[PDB]
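Student: Pasting in a structure now, in structure tokens, and then I'll have a few things to ask.
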Amino acid sequence: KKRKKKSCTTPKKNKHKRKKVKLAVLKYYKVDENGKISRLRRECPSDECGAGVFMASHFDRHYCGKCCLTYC
Amino acid sequence: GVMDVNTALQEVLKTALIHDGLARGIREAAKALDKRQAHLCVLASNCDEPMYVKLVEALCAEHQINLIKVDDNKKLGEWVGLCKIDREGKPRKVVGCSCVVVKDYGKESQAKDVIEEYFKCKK
Ligand SMILES: [Zn+2]
């Protein structure tokens, strides 16, 4: 049995390529004229990411990337 | 204190490299430094981003942290330990670090003699 070639299928399943965000770290904090710090999103209650990591505001939900926490 | 002020960051960043207490890059610096678990922070002066100054200056202002400023991201990249070296010891490759956050110091009379003096005179 010489091994058959047969490569045909739904032509390509492409693999997710990383979305490269340029200086996105800066978007989190809002600096006023005095030099004050305004946090535009919510802090996460979980232990590992506590006080060092923030959450995401999607329209209907809040999502932290470490422990995968979700709220409405 | 026999040392010069500008040359003596080498011992702070060396012992902080040996004790695994350095956080480099802006987000792993800012965040973990805002965790009030990290003592002091080292920043680059020359930068192409105006807000990159606002972030760290505001953060170091409110969170009771001290600010050092260096010339280029390149020299700081030689301090951080990201410089890759040649066969004979030429510091050939340089990945520059503007953000450095110190968590765990080593115990040194030298780097602490210059940093504690510079920051006793700055206050
Ligand atoms: Zn979390």
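Each chain of the structure tokens is named A, B, ... in the order shown, its residues numbered from 1; ligands are numbered from 1 in display order.
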Counting only C-alpha atoms and all ligand atoms, give me one row per residue of chain A with an atom at most 8 Å from an atom of ligand 1, showing the shortest contact pair and its distance in Å to one decimal, sorted by chain then residue number, as JSON lines.
Tutor:
```
{"residue": "A:44", "atom": "CA", "partner": "ligand 1", "partner_atom_place_in_ligand_line": "1 (Zn)", "distance": 4.8}
{"residue": "A:45", "atom": "CA", "partner": "ligand 1", "partner_atom_place_in_ligand_line": "1 (Zn)", "distance": 6.5}
{"residue": "A:46", "atom": "CA", "partner": "ligand 1", "partner_atom_place_in_ligand_line": "1 (Zn)", "distance": 5.1}
{"residue": "A:47", "atom": "CA", "partner": "ligand 1", "partner_atom_place_in_ligand_line": "1 (Zn)", "distance": 7.6}
{"residue": "A:48", "atom": "CA", "partner": "ligand 1", "partner_atom_place_in_ligand_line": "1 (Zn)", "distance": 7.2}
{"residue": "A:49", "atom": "CA", "partner": "ligand 1", "partner_atom_place_in_ligand_line": "1 (Zn)", "distance": 5.0}
{"residue": "A:50", "atom": "CA", "partner": "ligand 1", "partner_atom_place_in_ligand_line": "1 (Zn)", "distance": 6.8}
{"residue": "A:53", "atom": "CA", "partner": "ligand 1", "partner_atom_place_in_ligand_line": "1 (Zn)", "distance": 6.8}
{"residue": "A:54", "atom": "CA", "partner": "ligand 1", "partner_atom_place_in_ligand_line": "1 (Zn)", "distance": 7.2}
{"residue": "A:55", "atom": "CA", "partner": "ligand 1", "partner_atom_place_in_ligand_line": "1 (Zn)", "distance": 6.9}
{"residue": "A:63", "atom": "CA", "partner": "ligand 1", "partner_atom_place_in_ligand_line": "1 (Zn)", "distance": 7.9}
{"residue": "A:64", "atom": "CA", "partner": "ligand 1", "partner_atom_place_in_ligand_line": "1 (Zn)", "distance": 4.7}
{"residue": "A:65", "atom": "CA", "partner": "ligand 1", "partner_atom_place_in_ligand_line": "1 (Zn)", "distance": 6.4}
{"residue": "A:66", "atom": "CA", "partner": "ligand 1", "partner_atom_place_in_ligand_line": "1 (Zn)", "distance": 5.2}
{"residue": "A:67", "atom": "CA", "partner": "ligand 1", "partner_atom_place_in_ligand_line": "1 (Zn)", "distance": 4.7}
{"residue": "A:68", "atom": "CA", "partner": "ligand 1", "partner_atom_place_in_ligand_line": "1 (Zn)", "distance": 6.4}
{"residue": "A:69", "atom": "CA", "partner": "ligand 1", "partner_atom_place_in_ligand_line": "1 (Zn)", "distance": 5.7}
```
Student: Excluding residue 92 of chain B and any residue of its chain fewer than 4 positions from it, enumerate the residues within 12 Å of it, using only C-alpha atoms, and give them as a ChimeraX atom specification.
Tutor: /B:74,77-78,82-88
Student: Where does DSSP see strand (DSSP E) in chain A, if you list the residues as JSON, numbers by chain?
Tutor: {"A": [29, 30, 31, 37, 38, 39, 56, 57, 62, 63, 70, 71]}
Student: Could you jot down the atom CA of residue 73 of chain B to atom CA of residue 96 of chain B separation for me, Å, one decimal place?
Tutor: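 Answer for the atom CA of residue 73 of chain B to atom CA of residue 96 of chain B separation: 4.6 Å.
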Student: Output as an MDAnalysis selection string the set of chain A residues within 12 Å of chain B, with distances taken over only C-alpha atoms.
Tutor: chainID A and resid 22:39 43 48:54
Student: Record the distance separating atom CA of residue 80 of chain B and atom CA of residue 97 of chain B, expressed in Å with one decimal.
Tutor: 7.1 Å
Student: Using Å and a single decimal, report how far atom CA of residue 94 of chain B sits from atom CA of residue 18 of chain A.
Tutor: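 Interatomic distance here is 24.9 Å.
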Student: For residue 6 of chain B, please output as a compact mmCIF listing (two decimals) with N, CA and C atoms, in the first residue's frame all residues within 12 Å (counting only C-alpha atoms; exclusion window: fewer than 6 positions along the same chain).
Tutor:
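Contents of selection.txt, freshly written:
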```
# COMPACT_ATOMS: atom_id res chain seq x y z
N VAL B 12 22.56 48.28 41.91
CA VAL B 12 21.11 48.15 42.18
C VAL B 12 20.43 47.26 41.13
N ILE B 68 13.95 58.19 39.01
CA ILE B 68 15.26 58.42 38.39
C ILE B 68 15.06 58.51 36.88
N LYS B 69 15.86 59.34 36.22
CA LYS B 69 15.78 59.46 34.78
C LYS B 69 17.14 59.25 34.13
N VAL B 70 17.16 58.53 33.01
CA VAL B 70 18.42 58.18 32.34
C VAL B 70 18.44 58.87 30.97
N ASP B 71 19.55 58.77 30.25
CA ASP B 71 19.71 59.52 29.01
C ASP B 71 18.88 58.90 27.89
N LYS B 75 21.27 52.99 26.98
CA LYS B 75 22.09 52.82 28.18
C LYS B 75 21.33 52.01 29.24
N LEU B 76 20.05 52.33 29.42
CA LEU B 76 19.16 51.57 30.29
C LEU B 76 19.04 50.10 29.84
N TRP B 79 21.93 48.44 31.22
CA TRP B 79 21.78 48.18 32.66
C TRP B 79 20.86 46.99 32.98
N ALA B 111 25.67 50.75 45.75
CA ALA B 111 24.53 51.30 45.03
C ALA B 111 23.56 51.99 45.98
N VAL B 114 25.10 55.45 46.98
CA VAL B 114 24.83 56.51 46.00
C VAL B 114 23.34 56.86 45.84
N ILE B 115 22.47 55.84 45.82
CA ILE B 115 21.03 56.09 45.67
C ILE B 115 20.43 56.75 46.93
N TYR B 118 21.76 60.40 46.89
CA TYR B 118 21.11 61.18 45.83
C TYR B 118 19.67 61.50 46.20
```
Student: Which parts of chain A does DSSP call helix (DSSP H, G or I) when run on the backbone here, written out as a ChimeraX atom specification?
Tutor: /A:24-27
Student: Those residues with N, CA and C atoms, as a PDB file, in the first residue's frame please?
Tutor:
```pdb
ATOM      1  N   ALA A  24      -1.006  50.262  23.803  1.00  0.00           N
ATOM      2  CA  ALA A  24      -2.366  50.159  24.328  1.00  0.00           C
ATOM      3  C   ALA A  24      -2.397  50.273  25.848  1.00  0.00           C
ATOM      4  N   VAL A  25      -1.226  50.145  26.469  1.00  0.00           N
ATOM      5  CA  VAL A  25      -1.087  50.226  27.923  1.00  0.00           C
ATOM      6  C   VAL A  25      -1.471  51.614  28.421  1.00  0.00           C
ATOM      7  N   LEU A  26      -1.326  52.591  27.531  1.00  0.00           N
ATOM      8  CA  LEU A  26      -1.534  53.996  27.851  1.00  0.00           C
ATOM      9  C   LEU A  26      -3.014  54.353  27.959  1.00  0.00           C
ATOM     10  N   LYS A  27      -3.862  53.576  27.291  1.00  0.00           N
ATOM     11  CA  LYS A  27      -5.287  53.884  27.223  1.00  0.00           C
ATOM     12  C   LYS A  27      -5.995  53.743  28.576  1.00  0.00           C
TER      13      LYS A  27
END
```
